[PDB]
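Take a look at the structure set out below.
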There are 2 protein chains.
Amino acid sequence: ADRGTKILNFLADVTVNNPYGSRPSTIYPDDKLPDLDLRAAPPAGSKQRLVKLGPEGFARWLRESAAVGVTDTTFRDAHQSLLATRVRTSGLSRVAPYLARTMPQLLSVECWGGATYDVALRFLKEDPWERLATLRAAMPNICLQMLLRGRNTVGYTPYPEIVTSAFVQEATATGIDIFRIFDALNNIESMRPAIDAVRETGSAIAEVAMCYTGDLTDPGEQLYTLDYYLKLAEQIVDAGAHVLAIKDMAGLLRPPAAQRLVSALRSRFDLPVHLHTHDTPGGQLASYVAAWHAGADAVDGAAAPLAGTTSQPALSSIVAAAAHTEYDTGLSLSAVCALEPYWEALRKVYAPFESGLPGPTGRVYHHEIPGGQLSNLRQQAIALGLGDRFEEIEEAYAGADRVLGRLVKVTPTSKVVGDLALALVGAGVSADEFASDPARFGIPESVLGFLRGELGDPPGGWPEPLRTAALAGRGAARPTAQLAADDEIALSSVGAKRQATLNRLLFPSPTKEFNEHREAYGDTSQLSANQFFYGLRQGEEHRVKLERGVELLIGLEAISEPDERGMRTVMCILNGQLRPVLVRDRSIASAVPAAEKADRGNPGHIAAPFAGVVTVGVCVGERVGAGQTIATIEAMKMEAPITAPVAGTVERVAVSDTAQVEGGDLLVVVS
Amino acid sequence: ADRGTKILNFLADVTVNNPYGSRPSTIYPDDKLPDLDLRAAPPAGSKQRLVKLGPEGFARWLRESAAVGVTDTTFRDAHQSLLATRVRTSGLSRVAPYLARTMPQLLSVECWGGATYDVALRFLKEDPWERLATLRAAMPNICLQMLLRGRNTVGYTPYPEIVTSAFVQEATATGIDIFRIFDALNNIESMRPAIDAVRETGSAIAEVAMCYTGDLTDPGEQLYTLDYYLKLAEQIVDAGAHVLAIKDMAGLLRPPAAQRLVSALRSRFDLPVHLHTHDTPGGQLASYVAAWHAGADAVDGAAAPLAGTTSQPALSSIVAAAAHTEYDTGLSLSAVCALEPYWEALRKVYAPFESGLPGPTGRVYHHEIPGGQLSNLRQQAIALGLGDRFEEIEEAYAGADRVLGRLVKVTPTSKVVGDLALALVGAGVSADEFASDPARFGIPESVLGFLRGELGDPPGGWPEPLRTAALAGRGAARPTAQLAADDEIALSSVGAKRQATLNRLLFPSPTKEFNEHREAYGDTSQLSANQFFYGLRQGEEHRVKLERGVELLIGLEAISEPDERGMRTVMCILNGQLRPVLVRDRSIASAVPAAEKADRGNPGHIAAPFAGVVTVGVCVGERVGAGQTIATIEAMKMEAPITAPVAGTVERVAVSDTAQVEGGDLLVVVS
Ligand SMILES: *C(=O)CCCC[C@@H]1SC[C@@H]2NC(=O)N[C@@H]21
Ligand SMILES: *C(=O)CCCC[C@@H]1SC[C@@H]2NC(=O)N[C@@H]21
Ligand SMILES: [Zn+2]
Ligand SMILES: [Zn+2]
């Protein structure tokens, strides 16, 4: 931020380390954009219709119309299911004016909330609140939408009521128009406070959801029946919702079921219905077409280059499948197809992060992994070292889901099943064998917490013989911190003081890391994806942007060879003076490469399940009973105990006080 | 087949050269098949029904069937659209028994015709008739389908009549049962004789097809109106078709048009309808869903891994969308999903051959490149130098279609527009200039033949100002070959002599080269994909199947770099013993400069648009202007005489007669 002495450090560091394999070439997605009249002010519609009509009038207007609306999910959910949620502000912010000035007929644009809040701090290192202001400033004539999880505003644990109230108030203040609300399980009493808080402020609209799972049409279905959804919808409506919505996380909604459900909901109630689904199993446009022929009022689709597979159905097909008929959307097909090149180039830039899933898969009807989780789950598996064992990770996922009854696997309760499956695969015990003797097994902390009822009762009922056996003897007790004196009063002010308090109350570690990083180098939200992820080439010049009236040029001419043990140096050019920098190689240098022997087959040896940090506590001898805990292993968003399958003695222990461990080498030996 | 000495030569030769670069570790796709007893005969399927009811009654039975029929195109079109057309018969033959014993409710399997005949001769050196015989032997309870082009048959240009009749008789004698007659430019006159030839066999269903183009429900333009298709269907029905079809090569059939088009046809003619469509724009299952709600009786699908984008919609989606409803398909979703592992492994094996698109696109409404042509066209463009300029030709394709009297484009009439577009991306001139003054701009040997009238006449009509100017003053010399007296007598006999005669008549040069290879290396259709394509690795096991009752085990040990002698020496084990072998080093020995001098700054520099063998007829002096043919540049199936620049004086020709030159070089200089 301060001149270039600080940013150059980060650039040199990322250039030297750069944990990626080669690079094909440099792309500039900006170079492929249409030509229009940015100078002229944008048209109006679909946003001013709420400020001069009223939050309740908007629902009446939307329901009584012959044209079906559209929402663009390209901004949060499209890249969450394909690129593992690694799209920066620079990127999907230069095209916002084009979308505003070229497609005024949009109903809204889903841009905020979801899993982006975590990542923005943890990985991309940029204040989330800044993105929202810029997006609002760029699209001043279309309503924005948010995703909310009831009492788990953004996270995986219940939060106090005051925090949720302050968060909704602040989000409305900075700018939002539609709030989508859902709960992990289908329990209304766990999301009532959010609805009440949204209604209190007026202006913004409330919109409750009802997660979908199973299959209605199947005669054998007896848990997630139609009456279940009807009663849930009745509770939603009488709670005070302005709208009703359906969320299909995985894409298990078929045409006939959608027709029946939408018809019943429209018949029994007089509120607009909003739809949403991922396109994993195949072509899901049939569901939308069948739905809007019997009711419904809106749909969700993303750009064609980022559509299909795990992401959502394309928008061009939606527009083209209802033209020249009573359901004419109003958008222009030529207008909406003029931006595909930009999104295609943008996707081409994010090659290394593209985990995704190459093509349709008909096996999603078995494991039911929701979209928007395959990419992140694959990244997590790759990190732990179990990368190329993903057919074994899907089977364990299905088994774990089956053993626990039948859960509504959505964002908060999907981490539980994912972690349980990873633990089962890493250890070596199959899911069906976990239920028989869940005593000599290391349950991760999150899974154990779920079994204590901290996320509400499941809709099917607890497993009677499994819950009791897996909880006895694990010391079920943990206190919680509270807002003592200052955070209570800070959450009442408005400005850039409540935002910091919210950030620090939601994620302490990420936020302090982000503060330290920003204090070390400076603001880094004005760079391109290449400059931030890959670093610097040689010879070619770069354009670094900081602020209006400020611009700098950087260039790389040579890189010094790795010194014996001193340091590595690089030289850059800020148009002159060939300013050098000093950086260190955390990968080129290698220590003594002699890992401890890894032994298998012998029943009297203790390995490590997956890679991580081990803090072993044990003494020589000290006869250990079967199933007793020995050491704890901690990894990214995970922590599990490790137990000795067979009783005996300790004999030899060969592990440092605290050090990383391979897939598994040796922890303790028993006889 | 062989004795080992010959096959070893082929393996050693392929191990050297092998332009494909580094490859991952070996993988066996044959280890992921289901488990079941392969000794019981497959259940009774649809071939028995066809034999019992005859060709006529089968159509009547299909007409009054509530269940919607299904077809499997994984064998012919799924790998034609995605993986060029390279799928050796060895891979396919290993899953046919499982498909026959697991999914006996399929209507038919499309596994021959269209474009396999040529590639299976000149690239994958094997005999198509043997592949057909093997596939028939594998599946004795499912009808086999074929794509026939009427006069063209399986070639590109017209063929005499006795050849087509003999071809049909041989094909129906060797196993095929269901033919799909279609013509590029919709006119019953062209394809009338083929229908009569098919009907004379006695048991073979003639399914005529009508192409779809433009849009039906849009009132904008009225050329391809509903009346046009109604008249065409009337003509087809009066011709004597057994079943009516609707081939949608590009994938431009939307729901609102589809329902009307199908409903109108069901209320006049009592024939069944069969629909075919690609999945290029987006989710195309909506078209099927809206079609069988109106009276459609069949649809085409494909294996889930080889589905989406340019291929047909997934088969599992088709089975699921019609499950537990009145239009039940009959298949079992559990059984279908059990074969995906094999297909995905197989696609992983054929990784080097990959063409098409990475994600769904919405701009197919602009260029309208048929599905099943973009892949085989990308491979054609790479070999001519144009490998990265694959987006700049979309506007050229659109222009070529527009200037030429909007028309229908299937394989014979789309090979012409593609050639024109490829030639128009050479010198650098645009479509509008070409239409303005066609005389100056040169024309390929395919477009000229189309304009002459050898192919037909579009429904729109020959453009007046263009045709008369693009024919006169150029030439017209297209002689016709005559059948040898001793050759025609052979076509009246059944067996293998007729098969060889047909092979020579349809494709002379590929047949000669295939015979040469057969003499040189013996049979090679029993090898696996890895061995045939790539070669051999370092010390390992290679289970090689030579023929019945012999399983030669082979393994490479050491390759000796050529120190002085250009020849290389490789030693290969054969049942324990060792045997040196000698192979050439064609790739290694390559050293030749080339002065391109293709700069566009100074006119008069005639540059070869693409790479190939160029013949020059102009000598020193003899100054000429434009229009006159200067050199007959030739390349992969594309005789395109090069244009002529403005007049001047011919001084230096930097090329000898024939000679080799690459795209972007200098052929003749004038001034
Ligand atoms: C760190 O990267 C946070 C966890 C990743 C996001 C998780 S994966 C499981 C949930 N589903 C989803 O879409 N996001 C959540
Ligand atoms: C030479 O044989 C090249 C491969 C075959 C080309 C095929 S013919 C059918 C498709 N249409 C087209 O234009 N090319 C494809
Ligand atoms: Zn979603
Ligand atoms: Zn096709």
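For neighbour counting, all protein chains shown are included, and Cβ atoms are generated from backbone atoms with ideal geometry for every residue, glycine included. No value in this document is a laboratory result; all are computed from the given coordinates.
Remark: the range A:442-486 projects, on average over all directions, an area of 4.6 nm² (convex hull of Cα atoms).
What does the C-alpha gyration tensor say about the overall shape of chain B? Classify as rounded when a/c is under 1.5, otherwise prolate if a/b is larger than b/c, or oblate. It is oblate, given that a/c is not under 1.5 and a/b is not larger than b/c.
Extending 7 Å from the Cα toward the beta-carbon at both B:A594 and A:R652 defines two label points whose distance is 6.5 nm. Remark: spin-label model distance B:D270-B:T615 equals 6.0 nm, labels positioned 7 Å along the Cα→Cβ axis. Applying 1/(1 + (r/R0)^6) with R0 = 60 Å to the Cβ-Cβ distance of B:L230 and B:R122 gives a FRET efficiency near 0.90.
Cβ-to-Cβ counts within 10 Å put B:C143, B:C337, A:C619 in ascending order as A:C619, B:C337, B:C143, the fewest first.
In chain B, the beta-carbon sitting nearest the axis that superposes B on A belongs to the residue given here with its distance in angstrom, B:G283, 2. The alpha carbon gyration tensor of the range B:47-349 gives principal lengths a ≥ b ≥ c with a/c below 1.5, which makes the shape rounded.
A label point on A:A294, set 7 Å along the Cα-to-Cβ line, lies at 2.1 nm from each of its counterparts in the other copies, closest listed first. Note on A:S436/A:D37: beta-carbon distance plugged into 1/(1 + (r/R0)^6) with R0 of 60 Å gives a FRET efficiency of 0.30.
Using only the Cα atoms of the range A:58-140, build the gyration tensor, take square roots of its eigenvalues as a ≥ b ≥ c, and label the shape rounded, prolate or oblate: rounded if a/c is under 1.5, else prolate if a/b is larger than b/c, else oblate. Prolate, because a/c is 1.5 or more and a/b exceeds b/c. Over the range B:151-306, all Cα pairs binned in 10 Å intervals from 0 give whole-percent P(r) values of 10, 37, 34, 17, 2, listed from short to long.
Of the residues B:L471, B:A239, A:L106, the one whose Cα sits farthest towards the positive end of the charge dipole of the protein assembly as shown is B:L471 (charges of +1 on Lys and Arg Cβ, -1 on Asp and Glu Cβ, taken about the Cα centre).
Take each residue in A:356-369, count the other chain C-beta atoms within 10 Å of its C-beta, and the mean is 5.
Ascending distances from the A:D227 label point to its copies in the other chains, with the point 7 Å along the Cα-to-beta-carbon line: 5.8 nm.
Simple rule: put +1 on each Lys or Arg Cβ and -1 on each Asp or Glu Cβ in the range B:368-415, find the dipole, and look at B:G387, B:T413, B:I369; the Cα lying farthest toward the positive end is B:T413. Taken about its Cα centre, the range B:47-349 carries a charge dipole of about 740 debye when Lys and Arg each add +1 at the Cβ and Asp and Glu each add -1 at the Cβ. The packing ranking, built from the mean of other Cβ atoms within 10 Å per residue, places the peptides B:6-19, B:583-596 in the order B:6-19, B:583-596, highest first. Rounded to the nearest 20, the size of the Cβ-charge dipole of the range B:596-671 about its Cα centre is 180 debye, with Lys and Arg at +1 and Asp and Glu at -1. Averaged over the residues of A:272-282, the number of partner chain Cβ atoms lying within 10 Å of the residue Cβ comes to 2. Both radii were evaluated on the Cα set of the range A:1-57; the Rg over Rh quotient, with Rh as the Kirkwood radius, amounts to 1.30. Compactness of the range B:364-471 was expressed as the Cα radius of gyration divided by 2.2 N^0.38 Å, which yields 1.02.
Rounded to the nearest 20, the Cβ-based charge dipole of the range B:364-471 about its Cα centre (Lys and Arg +1, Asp and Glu -1) stands at 240 debye.
In the P(r) worked out for the range A:110-224, what percent of Cα pairs fall beyond 22 Å? Distances greater than 22 Å cover 39 percent of the Cα pairs.
The largest-to-smallest principal axis extents of the Cα set in the range B:596-671 are 32, 23, 21 Å. Using C-alpha pairs under 8 Å with a sequence gap of at least 6, the mean separation divided by the residue count of the range A:605-669 gives a relative contact order of 46 percent. Ranking A:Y159, A:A12, A:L505 by Cα position along the charge dipole of chain A, where only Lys, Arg, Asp and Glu carry charges on their C-beta atoms, puts A:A12 farthest toward the positive end. Peptides B:202-215, A:464-477 ranked from most to least packed by the mean count of surrounding Cβ atoms within 10 Å: B:202-215, A:464-477. Label points for A:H324 are taken 7 Å from Cα along Cα→Cβ. From this copy to the others they lie 3.8 nm apart, shortest first. Restricting things to alpha carbons, find the Rg to Rh ratio for the protein assembly as shown using the Kirkwood radius for Rh. Expressed as Rg/Rh, it is 0.97. Shielding of peptide B:305-318 by partners, expressed as the average count of other chain Cβ atoms within 10 Å per residue Cβ, is 4. For chain A, the relative contact order comes to 15 percent (Cα pairs under 8 Å, sequence separation of at least 6). Shown for A:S446, B:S493, B:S375: other C-beta atoms within 10 Å of each C-beta, ranked fewest to most, produce the order B:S493, A:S446, B:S375. Placing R0 at 22 angstrom, the Cβ-Cβ distance between B:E557 and B:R23 gives a FRET efficiency of 0.70 after rounding to 0.05.
Among A:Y397, B:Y365, B:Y20, sorting on how many other beta-carbon atoms sit within 10 Å of each Cβ, with the fewest leading, yields B:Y20, B:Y365, A:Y397. Applying a threshold of 28 Å to the alpha-carbon distances of B:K32/B:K247; A:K247/A:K415; A:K348/B:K348; A:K32/A:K52; A:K47/A:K409; B:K512/B:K597 flags B:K32/B:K247; A:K32/A:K52; A:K47/A:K409; B:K512/B:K597 as lying beyond it.
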